[PDB]
Structures are given as C-alpha cells and as structure tokens.
C-alpha cells in the first residue's frame, strides 16, 4: 500500500542504495555497480536449490554460527539493490525476484523466526540480520505484500521489542547507548515504517535522542572529546564510527516523520565532529588507538575506517546550511585531498555517497586548505593526539588508567593487543601506508613502540585489565605543547616505570624513571618498531656514522643519537639520547597472518620488514631519556641536538622535566608535593603534570592533577622566583 510510510522508505532507499542517482557514464558509480553485479552473479551461481535443502549457501551453512544468518540475508539485500537498478543486468529479472521472495520464505520457516532463540552472537540476531531484512524489504517493497512484510519482520519484534535495551530475550539484557543505540534506530525505525507502526517509530526516535547528551561518566561522548564504549574502552574510531555513519543515514528520514528531532538537540553532532573525530584523522587515516579490536580486521585498516567517518560528516554537511555546511564540506575536502595513499571511493558504497563526494571535490567554491596544528588531550579516555601542520606529522599517545581498559580482545578479535596502551606511541609521517598493508599481523606484539615490558610469554586467551593507578594524564598548554605521564605497572605486577612524554611543538621527549623488575624475565623499552617500505629505504646513522643493520640484533653502547634518513625528509626520524645510552637495533622480515590475531580473518601469510630499536633495563632504578625529532634532514637534526644539549632538567623517581629554550617552554611531571625549583626561575609545588611558558616576565601555566581530574588555582601549584 502506497502512503507516507512508503514515501519515507523511498527516501531510505535513496540513502542505502541510491539507484535513482545512478549514471552509467559516471566511472566511480559504474565501478560500484560492477562490484554488486559480481556479488549477485556469485550468489546466484552458488545457491542451493532442489528438494528444500539444508542450507542456501555452503560457505554460510552452519546456522549455529550466527554470522551465517547475517551473511545469508546480506546476499538477498544485494539482490534487492540490483533488481531495482535500471542499469543492472538483473533489473526486474524474474529469477532474482523469485529468489529473494522464496529465499525469505525458506529462512523464515527453517532458520530465523520468532520460535528461535539466540545461538552464538546476539548482535547477528538483533542488529546485523534485522538491518539486512529491513533493507531488502524496503528496496523490494513493490514485490511484497504488506502481510508478507509483517510476517518477515515479526521475528525482529521478538528479538528486539524494546528500543531502550538489547539482549531482551536473554538472561542478561543491557541498556543501548552510543553506536549500538543508532543501530537500534536502523532496526526499529525502518521495521516500524515497513509495518506501518507509529508507536514503534516514535518510541524508537525518543530512545535515540539520548545519543545527543554528553556524559560525565560511563559510555558516550564527553566534553573533552573522548568517546567511551563497552563500559570503559576508548572507542571513538569504531563504535563512534557506527554512531555517526548510521545516524547521518537515518536523520533525513527521521526529520520527515511525525516525530522529528529538535534542532537544538542535534547541535551536539557538530561538537562530536570538531572535538572527537577530526583530531583523530591525519592524512586520511583514523588513528588506530581509537579503534579497539577493529585494528585486527584486514578490510578495516586506518584509511578505510576513516571513510566511515568522512561519509558521515559529508551527509551531515548536506543536511546543514550556510556556514556550517560550507565548513564541514571544507573539512572533508581537505582530508580527502591530503590522502595520497587511499582512494576514498573504495569505501563509498552507495550512489548518493559517491555523488556527494564528487560534487564536493570539484566545487571550487568549497575551500580546501591544509589543516592547522592542534593538540587534543582526551583525558576521559587516556589518549592524546597531536598534529604539526608546519612540518607535517601527527603523533598519538595510547595510555590507560584505573578508569579505562588497556585493550579489547572479544569475539576472537585482537588476540595480541596486550601492550597497545602501555604507553604505546604512533608517528604519522609521509609514509601514509605505515600502519596499513598488514602492519597489525606482522608487527611483533611483544615490542610495541614506546612500551616498557618484560619478555614473558603471553597467552592469546588473555583479556584486558585496568591500571592500578589513577596517575595518568595530559596537561595541555596550547595547540603545540603538552605534557603527559603514566604511573605504569605491567600486567602481572612484576615491572614498574614512571613514563612521561613532553610534546614540544616539533618533537616529543620520552623520559622513564624508577624502572624496577621483580621477575627473572628481562626488561626493555622499545624505542621504535617501524614498518619499512622496500621502494624507499632508510640509511641509518648512529652517532652520525652510517650503520649496517642485520636480522641479528647489534649492540650500540654509548649512543648519543640515531638517525633514519629517507630520500623524502617528511619520512625522516631522529632519536637524541640526552645521556649516552646502550641500545640495540635490528632490521628483519616479520611474517604472520591476520588469522593469528583474529580467528575470523584469512590465514594467508603476510610479511613486512621492520626496524626495531630497544634499550635493556638490567638494574632496578634504571632510566631512559630521548627526544624523537621527525621530518628534518640530517644536518638540521645534528644542529638541533646541539641546541638541545642541556634540555633535560631532571629524570628521577619524583621529578621529570624537559626545557625547550627556543620556545621558552617547560614540561614537568611531579610524583610528590615537594618544592621543586626549575631552571633557577620558578617553583612548582604539587604532585601532577605541568606545561609552562615564559613570555618576557610573565608565565602561562597549565596544571593537571590526573587522579582528581582537576586543574588548580595558579598559586597552589606555581611560584615565581
């Protein structure tokens, strides 16, 4: 029956497929059509028929495996997309129309109905499969009766009756928030339209509106830009993606129902984009420290994941107007144009998304100016993101605390993420491919860059933990300078370190003190583990003399510096040791498979070459201290290290500080309330984290107490001499 419900479903069809916008002469659209043609062809050539089978497809045959339900129904959705595309060879095809109709009947009566209970993963029963059923019926609504559409969606109402909770039919239901709550909208708003049910529609939209509230605690978006999901995990870059991606699809539909959402409510979306999402996007890549277990998915490396966010932003731009529209258009445009590695179109999966992106990129009225420098201290999820526009590098610092989980191993994904928040750092430079092309299955998980660890073996079956200490956090002065610390204890309470970081515009100092080990395992800090490009080799220098690295580790006692020199200065990396230090280095081919870190991924062997730099800590009370200096040439690095000769102020069990004399900026971490006199110029008075600038006779002060999560009046913490 044609009415306002099907008008809304027409709009939905325009969003999830966009056949109305298809143009055979548009090369990018023709590529997506060909992909869908091939998928439908494969499905049709593969499908079982004859004598009411045991499965529809063999590759998805075991219905105790819940992923097989969703993958099966997603194949029917693909058929529904093509049967309604005038340019498809399957347009109005009699076999395809009957295949979809009769495939829905077979699954309904044999596999997935109201009489069933969840077996395997609840998310397939309540999200993945219902989304696929909804979209199939919406696209093919002119081939089904209203009674059939009700019949085929009754199962969705059995598993998901309550728009405020998931797992309703289990013995442990949970409250829907965040990305999962947006998915509640894609399930129940669309099912509600298909079944012409006003109460489902209105109740679901009301439930979704809690997504616009910033939170002080628990799951959701925070004022400082952090996003928490799964109780206590930093998650902007996977669950936050689902939130923005899904919500931006639903909103044009919701706003034309009888229950639209107040514009005042939706204003929070622009906060998310500017405060939460944008800082995590560097040269088209979404920072892995925000993506939880999704790093272990071969098809979702960081440039691919970023497109989920970017397509969400671009849809929000399209529903906005004036200066808000223009500025969001400009954000997407500059990010896409900065990405020389990944083709954004490879993850634009509907015709309207392709069309929107094309219009944006060719519209000379939309500005595309390189993004400026920024530094975001996401203290409410224990991450920090930094970007220098002058020199062209990003830096991410991945921590955890008593408030957050270190890593997520769940659903057999991310089995070796053990050390990815133990003070792991990321450097984003002119190698845009660095954390892609199989980084995650080939990196040595025992040597995550920045981390201080023993060499004890770890079990894949382990799960994450919180840190004993609350003394973890970042004090930000401005968009170029900040200081961080982490009162680190390792997973089995055999090793400690006071680890601190001094972000000083164009360089980052790494200081560690109080390094102790009560195990018989050996302790070391990984200075770096950098994935190489065979097309762009590094020439390595130690103390400014060329070194030949091998697979076998070589020791370099009395090292003042290491320099990794590329043909491209924007890939150069220097390490300056404040005090001569004993390090070791190697260059080696490392092999692995995605299946090693995620059971559901391919067992195909992958390999990459890595350069590893490490510093052993054989004695209690040990220390490290060095400056990472990216994106300068060798002569400039050599000059800078002379400038920085006396930049280390202190690195002991109670006080760590570095001074940048060129800027007039100090970073300081105090572990106690003693009076600390600094550079014969001022005193700092309280346990906590500081970044201070001198401008003539005045001081600008940024103090943070990580444990109480508060700053403090200047006079409590600072005294001029």
Between helix 239-254 and the chain, what is the angle of the helix's C-alpha long axis to the longest principal axis, kept within 0 to 90° and rounded to the nearest 10? 40
Kindly give Rg over Rh for the stretch 2-373, based on alpha-carbon atoms, with the Kirkwood expression for the hydrodynamic radius. 0.95
Determine one quarter of the surface area of the Cα convex hull of the stretch 140-258, which equals its mean projected area, and express it in nm² to one decimal. 8.3
Find the relative contact order for the stretch 379-635 and round it to a whole percent, using C-alpha pairs within less than 8 Å whose residues are 6+ positions apart. 21
Provide 122, 272 in ascending order of the number of other Cβ atoms located within 10 Å of each residue's Cβ, fewest first. 122, 272
Relative contact order, percent, of the chain when contacts are C-alpha pairs under 8 Å separated by at least 6 residues? 9
Can you tell me the orientation of helix 302-319 relative to the chain, as the angle in degrees between its alpha-carbon axis and the longest Cα principal axis, to the nearest 10? 60
List the relative contact order of the stretch 29-182 as a percent without decimals, with contacts defined as Cα pairs under 8 Å and 6+ residues apart. 20
Peptide ranges 229-236, 33-40 listed from the most packed, as the mean C-beta count within 10 angstrom indicates: 229-236, 33-40
Report D for the stretch 379-635 in µm² per second (integer): Stokes-Einstein, Kirkwood Rh on Cα pairs, 20 °C, 1.002 mPa s. 114
Anisotropy class of the stretch 585-641 from Cα gyration tensor, a/c 1.5 cut: oblate
Calculated P(r) tail over 16 Å for the stretch 455-511, as whole % of Cα pairs: 56
Among 144-152, 647-655, how do they line up by average Cβ neighbours within 10 Å per residue, starting with the highest? 647-655, 144-152
Can you compute the modelled spin-label distance between residue 121 and residue 633, with each label point 7 Å from Cα toward Cβ, in nm? 5.1
Pop a pseudo-label 7 angstrom from the Cα along the beta-carbon direction at both residue 45 and residue 1 and give the gap in nm to one decimal. 4.4
When the helix-only estimate is applied to the chain (DSSP H runs of n ≥ 4, each -39,500 (n - 2.57), divided by the residue count), what is the mean residue ellipticity at 222 nm, nearest 500 deg cm²/dmol? -9000 deg cm²/dmol
Mean 1/r over distinct Cα pairs of the stretch 185-229, inverted to a Kirkwood Rh in Å, yields 11.8
Indicate the gyration tensor shape class of the stretch 415-500 (rounded, prolate or oblate), computed on the Cα atoms with a ≥ b ≥ c the square roots of the eigenvalues: a/c under 1.5 is rounded; otherwise a/b larger than b/c is prolate and the rest oblate. oblate
Inter-centroid distance (Cα atoms) of the stretch 341-400 relative to the stretch 33-105, Å: 36
Can you give the angle from 0 to 90° between the axis of helix 322-338 and the longest principal axis of the chain, with both taken from C-alpha atoms, to the nearest 10? 70
With a ≥ b ≥ c the root eigenvalues of the C-alpha gyration tensor of the stretch 636-720, is it rounded (a/c under 1.5), prolate (a/b larger than b/c) or oblate? prolate
Would you mind pulling out the separation of the Cα centroids of the stretch 609-661 and the stretch 561-582, in Å? 10
Just to confirm my numbers, what's the Cα centroid distance between the stretch 401-455 and the stretch 205-280 in Å? 27
Please report, in whole Å³, the volume per residue of the convex hull around the C-alpha atoms of the stretch 487-609. 180
Once the convex hull of the C-alpha atoms of the chain is built, how many Å³ does it hold per residue, rounded to a whole number? 170
Peptides ranked, highest mean first, by Cβ atoms within 10 Å: ranges 536-547, 590-601, 405-416, 676-687: 405-416, 590-601, 676-687, 536-547
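Here Cβ is always computed from backbone atoms with ideal geometry, including for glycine, and neighbour counts include all displayed protein chains. Bear in mind these aren't lab numbers, they're just calculated from the coordinates by the rules spelled out.
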